[PDB]
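Novice: Take this structure first; my questions come after.
All Cβ positions, even for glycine, are placed from backbone atoms using ideal geometry, and neighbour counts span all protein chains on display. Rule-based calculations on the coordinates, nothing more; no lab input.
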Amino acid sequence: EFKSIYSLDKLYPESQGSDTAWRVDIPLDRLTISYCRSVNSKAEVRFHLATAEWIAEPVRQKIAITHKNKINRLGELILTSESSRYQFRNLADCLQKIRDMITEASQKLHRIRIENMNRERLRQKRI
Amino acid sequence: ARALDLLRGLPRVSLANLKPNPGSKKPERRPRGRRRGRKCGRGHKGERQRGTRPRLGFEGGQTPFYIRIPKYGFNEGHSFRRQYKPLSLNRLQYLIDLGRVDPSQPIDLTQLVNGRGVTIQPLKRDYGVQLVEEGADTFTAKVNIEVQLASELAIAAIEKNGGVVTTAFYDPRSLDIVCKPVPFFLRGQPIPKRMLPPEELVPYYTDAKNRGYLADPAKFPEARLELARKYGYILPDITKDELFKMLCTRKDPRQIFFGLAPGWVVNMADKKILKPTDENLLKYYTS
Amino acid sequence: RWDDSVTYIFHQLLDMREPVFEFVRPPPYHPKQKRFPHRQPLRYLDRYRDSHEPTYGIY
Amino acid sequence: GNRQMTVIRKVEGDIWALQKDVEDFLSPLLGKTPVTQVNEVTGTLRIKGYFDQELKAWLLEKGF
Amino acid sequence: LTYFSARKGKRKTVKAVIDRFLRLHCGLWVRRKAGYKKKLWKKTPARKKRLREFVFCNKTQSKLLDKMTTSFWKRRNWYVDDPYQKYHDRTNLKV
Amino acid sequence: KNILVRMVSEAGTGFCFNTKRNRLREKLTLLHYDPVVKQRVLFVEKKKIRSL
RNA sequence: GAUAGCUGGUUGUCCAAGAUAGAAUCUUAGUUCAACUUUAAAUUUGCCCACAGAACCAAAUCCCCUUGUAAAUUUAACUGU
RNA sequence: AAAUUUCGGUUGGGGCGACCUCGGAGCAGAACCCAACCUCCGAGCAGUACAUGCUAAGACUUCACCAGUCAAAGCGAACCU
Ligand SMILES: [Mg+2]
Ligand SMILES: [Mg+2]
Ligand SMILES: [Mg+2]
Ligand SMILES: [Mg+2]
Ligand SMILES: [Mg+2]
Ligand SMILES: [Mg+2]
Ligand SMILES: [Mg+2]
Ligand SMILES: [Mg+2]
Ligand SMILES: [Mg+2]
Ligand SMILES: [Mg+2]
Ligand SMILES: [Mg+2]
């Protein structure tokens, strides 16, 4: 009805569509969502890694080899992250972690090293 | 109750049976007596008895405590730092549940002031209302919300529920007029036109991330999909709903009132509106 | 110590969710929060928050 | 700065019954008896200690 | 101090306190240790670090500063971006 | 006896610090740790503003 | 109706609690802080405590469980010393 | 030659003489504590690096405040009296 001076139609004569301003990986239906407060909410996510159709074979193999502590007894990559009061931030952090894992798959320890070296040295025992 | 049963008796309650609440009217304490005399609760000789002590904060002459501390720009530009009253998502849900601020109409500042959800004040360097991400969960409103400030978290929380988040800027005079439009109309002046933000808010309002009224409208779905992929939740196509034309209203700039336009003159008595004729007036108002 | 053979045994000839530990340390001391710290820095209030995020009452 | 109590400002009818009910309901929460202070005049009631959420839940369960 | 003004007939706030202190809704007064900008070459690093940190006020000092101010300064401060936004409200306290 | 001069930083402009030096000796060019670059850099004194 | 660290005075009945280490101050005839004292309130430990513990160039003192007790910390006030 | 102002404090009464900030020895002998016109010894600094860098749990604290003192860690280099 009314049209001001700096209306949206005049500021940008290219995208003048009235309904064009509301038009258009990691499937949500495949992943599981469940919360359990423990004072900070906890966003739990789980999904079968073997049947992950939305992940490539080498990426799945790398995720299963590296991130092995998160694998479930039934073959599910369980991961949780609780660092805020709201669950939306926790879900966003979990999604970002999943994306980082996928990307790095598509690509303190000195004591353990010394221990393994000493073990290998002591392994010397042949007839 | 027993109150009326007891009142049935006793004489009438005239003006002679009045008595204040025992413990409220503290008896006066005047200095006229043995205990309240001799010195009159003032002390021995000195300025205490004479009532002529130094100013407040004085410490006999030494550098007072409130001077020995150096200066600092704590409240330097405090008289100009923009301030907005917080608005929680839980507060919006409570308002929608209690009836006031119906979601069937745009959630403009006038509607919030009428419903009295966040009582703001035109004075006190206030230039609108901000948003808070308190009620991120258990929120289901679905309505075009208009707030000056808004974060990505709450923006997505509102969008996934079928809403439309937007941001605007109300000038001091425009904000005061929007706060109390009844006295503005009663004063007898034409509806002015809100000016543009300063250089500090131009880049903030000319971006599609925070949903601004001075950015490209084609970037809205891009930021929507970005926030969706960030926080999950598939975007519900608002184009395929029932209240599309109602939520499509964006309120063009230089328009203080969502319904009325600048230049028009409203009149309380005899509900009528005058047209701002004259080519010069129209050119100065809306070109 | 820990190894993959342990998990293999657990999931093969035990049939039970194996446990996991982390060795958690005791929480900090943090004495009784005084009303007027006087000489404490601005970080005094930071030791009693839950948690950093902007918390607002009702408005 | 120390004392902190709830206030049921709206009370109509027998206040002694409500006080006794609240006392019986709050006894298992602290073992002792809550120091109440009924006011027949102004239908009010004070209970030493914070019990806003618990009292609200109890009243909602009772149905008022 | 001026308990009563000569034009309107109200209290008056000493701008020195407002310039040398910072008001908070929690009821505490923030200040800055003196000597944080003079003779810094002879001060040991620990002293310089301790002097560059904020400090609170005592009960008597806080009450004096409050008396030297009006109710206008006790208003909230919902700044768009202020580093002291998470300090106006005090949480977790039991006497 | 020990003038207090300011040491200028070559790399990472905007960071300096003062040091002591005797009144009878060549200028100083000692190393110092910078906060911007987070590395050691040779400094150069310039402009004295003290006499003790 | 000037000011004045200074002299003088500051109106009826009765009940209760009610004596201070010091520092600064163009300051020791005056002021502030601290300390003593008063009011309403939330908390639990307040004092004599017993083995022991506490330095190279005499009467003593600090912590101190059971034991006598019911006193002590804090919050918000403010005059008085 | 006109116009405003002051002539700081201790002094076993006031001036004179001397002093005005801080550290130690006895008074103050065994946690702290206390007086100097009581008797003494010293200082407004002195020598090498410039990680004498950036951060931060908890404490002592000259009897108050302003002012001062120690510090697990965290990042960065190591293989002060
Ligand atoms: Mg009287
Ligand atoms: Mg002076
Ligand atoms: Mg007089
Ligand atoms: Mg005098
Ligand atoms: Mg006389
Ligand atoms: Mg008389
Ligand atoms: Mg008596
Ligand atoms: Mg002086
Ligand atoms: Mg004299
Ligand atoms: Mg002290
Ligand atoms: Mg270390």
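Novice: In whole Å, what three semi-axes, largest first, describe the equivalent ellipsoid of chain C built from its Cα gyration tensor (square root of 5 times each eigenvalue)?
Specialist: Calculated on Cα positions only, the semi-axes equal 47, 17, 9 Å.
Novice: Hey, got the average number of other protein chain Cβ atoms within 10 angstrom for residues in E:35-45?
Specialist: On the way: counts 1, 2, 1, 1, 0, 2, 7, 1, 0, 0, 0.
Going residue by residue through E:35-45 and averaging, the value is 1.
Novice: So the label point goes 7 Å from the Cα of B:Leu281 along Cα→C-beta, right? Which residues of the stretch B:240-260 then have their backbone N under 11 Å from it?
Specialist: Zone members listed by number: none at all.
Novice: Separation of the stretch A:100-124 and the stretch E:3-56 by C-alpha centroid, Å?
Specialist: Using only Cα atoms to place each centre, the spacing works out to 55 Å.
Novice: Also, quick follow-up: Could you tell me, in Å, what Rg and Dmax come out for the Cα atoms of the stretch B:80-287?
Specialist: My reading of the Cα-based Rg and Dmax gives 17.8, 54 Å.
Novice: Follow-up question, since we're still on this one. What distance in nm lies between label points placed 7 Å from Cα along the C-beta direction at F:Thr13 and C:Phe23?
Specialist: For the pair F:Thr13/C:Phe23, the computed spacing is 5.2 nm.
Novice: Let's test the formula: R0 of 22 Å, r as the Cβ-Cβ distance of B:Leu186 and B:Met246. What FRET efficiency results, to the nearest 0.05?
Specialist: Calculated value: 0.15.
Novice: Still on this structure, I have one more. How well do other chains shield peptide E:80-92, expressed as the mean number of their Cβ atoms within 10 Å of each residue Cβ?
Specialist: Per residue, the average neighbour count from other chains is 4.
Novice: Another one. Based on the alpha-carbon gyration tensor of the stretch A:13-94 and its eigenvalue square roots a ≥ b ≥ c, which shape applies: rounded if a/c is under 1.5, prolate if not and a/b is larger than b/c, or oblate?
Specialist: Cα axes put the stretch A:13-94 in the oblate bin.
Novice: Out of the DSSP beta bridges found with both residues in the stretch B:80-287, what percent are antiparallel (nearest 5)?
Specialist: On the way: 3 of 11 bridges.
Given both bridge residues lie in the stretch B:80-287, the antiparallel proportion sits at roughly 25 percent.
Novice: Further question: If I model a spin label as a point 7 Å beyond the Cα along the Cα-Cβ vector, how far apart are those points for B:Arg55 and B:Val265 in nm?
Specialist: Those two pseudo-labels are separated by 5.4 nm.
Novice: Quick one: C:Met16, A:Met101, fewest Cβ neighbours within 10 Å first, how do they rank?
Specialist: So the residues, fewest neighbours to most, are C:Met16, A:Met101.
Novice: Rounded, prolate or oblate: which fits the stretch B:66-122 when a ≥ b ≥ c are the square roots of the eigenvalues of the alpha-carbon gyration tensor, with rounded for a/c under 1.5 and prolate only if a/b beats b/c?
Specialist: Here the stretch B:66-122 falls in the prolate category.
Novice: Which of the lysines could be linked to E:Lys10 by a straight reach, that is with a Cα gap under 16 Å, when you skip same-chain ones fewer than 8 residues away?
Specialist: List returned: E:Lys67.
Novice: Right, something else. Taking the dipole about the Cα centre of the stretch B:80-287, with the C-beta of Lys and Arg at +1 and of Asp and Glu at -1, give me whichever of B:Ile191, B:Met246, B:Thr138 is farthest to the positive side.
Specialist: Of the listed residues, the answer is B:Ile191.
Novice: May I pose another question? From other protein chains only, count the Cβ atoms within 10 Å of every residue's Cβ in B:132-141, then give the mean.
Specialist: Whole-number average of other-chain Cβ neighbours for B:132-141 is 3.
Novice: Could you work out, for the stretch B:172-287, what percent of all Cα-Cα pairs fall into each 10 Å distance bin, beginning at 0 Å and stopping at the bin that holds the largest distance?
Specialist: Over the stretch B:172-287, the share of Cα pairs per 10 Å bin runs 11, 30, 29, 21, 8, 1 percent.
Novice: Which net charge results for the neighbourhood of B:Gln49, defined as the other residues with beta-carbon distances under 9 angstrom from its beta-carbon, given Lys and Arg at +1 and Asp and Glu at -1?
Specialist: In short, +4.
Novice: Helix-derived [θ] at 222 nm for chain B: sum -39500 (n - 2.57) over DSSP H runs of at least 4, divide by residue count, nearest 500?
Specialist: After summing the helix terms and dividing by the residues of chain B, the value is -6500 deg cm²/dmol.
Novice: Something else now. If contacts are Cα pairs under 8 angstrom and at least 6 residues apart, what is the relative contact order of the stretch B:80-287 in percent?
Specialist: 18
Novice: Could you point to the residue in B:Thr167, B:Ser287, B:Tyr84 farthest towards the positive end of the stretch B:80-287's charge dipole, with +1 and -1 charges on the Cβ of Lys/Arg and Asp/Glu respectively?
Specialist: Sorting the options by dipole projection puts first B:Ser287.
Novice: Here's another thing I want to ask about it. So if we plug the beta-carbon distance of A:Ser34 and E:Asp89 into 1/(1 + (r/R0)^6) with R0 = 41 Å, what FRET efficiency do we get, rounded to 0.05?
Specialist: Numbers: r = 33 Å, r/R0 = 0.80.
Calculated value: 0.80.
Novice: Can you bin the protein assembly as shown into rounded, prolate or oblate? Criterion: square roots of the alpha carbon gyration tensor eigenvalues sorted a ≥ b ≥ c, rounded for a/c under 1.5, prolate for a/b above b/c, oblate for the rest.
Specialist: On the way: a/c = 1.30, a/b = 1.14, b/c = 1.14.
Rounded, since a/c falls under 1.5.
Novice: Separate question: If you add up the charges near B:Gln255, with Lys and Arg at +1 and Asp and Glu at -1, over every other residue whose beta carbon is less than 9 angstrom from its beta carbon, what do you get?
Specialist: With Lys, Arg at +1 and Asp, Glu at -1, the neighbours total +3.
Novice: Report, in listed order, any pair from B:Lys180/E:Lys63; A:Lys70/B:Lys230; B:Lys193/B:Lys271; B:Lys124/E:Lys15; A:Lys97/C:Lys32; B:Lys209/E:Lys86 with a Cα-Cα distance greater than 27 Å.
Specialist: From the list (B:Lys180/E:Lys63; A:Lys70/B:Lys230; B:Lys193/B:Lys271; B:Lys124/E:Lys15; A:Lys97/C:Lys32; B:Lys209/E:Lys86), the Cα-Cα distance tops 27 Å for B:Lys180/E:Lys63; A:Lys97/C:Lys32.
Novice: Right, here's the next one. Of the GluC sites (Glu not before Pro) in chain D, which ones lie in a loop per DSSP and count no more than 12 other C-beta atoms within 10 Å?
Specialist: D:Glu12, D:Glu40
Novice: Looking at the stretch D:14-64, which trypsin sites (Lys or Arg not before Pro) are in a loop (DSSP not H, G, I, E or B) and have at most 12 other Cβ atoms within 10 Å? Before the final figure, lay out the partial values.
Specialist: Values: sites: D:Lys20, D:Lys32, D:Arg46, D:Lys48, D:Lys56, D:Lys62; in loops: D:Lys32.
Of the trypsin sites (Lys or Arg not before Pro), the ones in loops of the stretch D:14-64 whose Cβ has at most 12 other Cβ atoms within 10 Å are D:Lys32.
Novice: Students often forget the sequence filter, so: which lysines lie under 17 Å Cα-Cα from D:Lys48 once same-chain residues fewer than 8 apart are removed?
Specialist: Answer for D:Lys48, where 17 Å is the Cα cut-off: D:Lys20, D:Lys32, D:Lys56, E:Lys94, listed by chain and number.
Novice: How charged is the neighbourhood of E:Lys86? Take every other residue with its Cβ under 15 Å from the Cβ of E:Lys86, and add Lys/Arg as +1 and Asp/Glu as -1.
Specialist: Once all neighbours under 15 Å are counted, the net charge is -2.
Novice: DSSP loop chymotrypsin sites (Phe, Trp or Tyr not before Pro) in the stretch B:1-108 with at most 10 other Cβ atoms within 10 Å of their Cβ, which ones?
Specialist: Hits after loop and neighbour filter: B:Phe80.
Novice: If you line up the Cα atoms of the stretch A:66-108 on their principal axes, what length do they span on each, largest first, in Å?
Specialist: Result for the stretch A:66-108: principal-axis Cα extents of 30, 28, 27 Å.
Novice: In whole angstrom, note down how far apart the Cα centers of the stretch B:140-170 and chain D are.
Specialist: Centre-to-centre distance over Cα atoms comes out at 41 Å.
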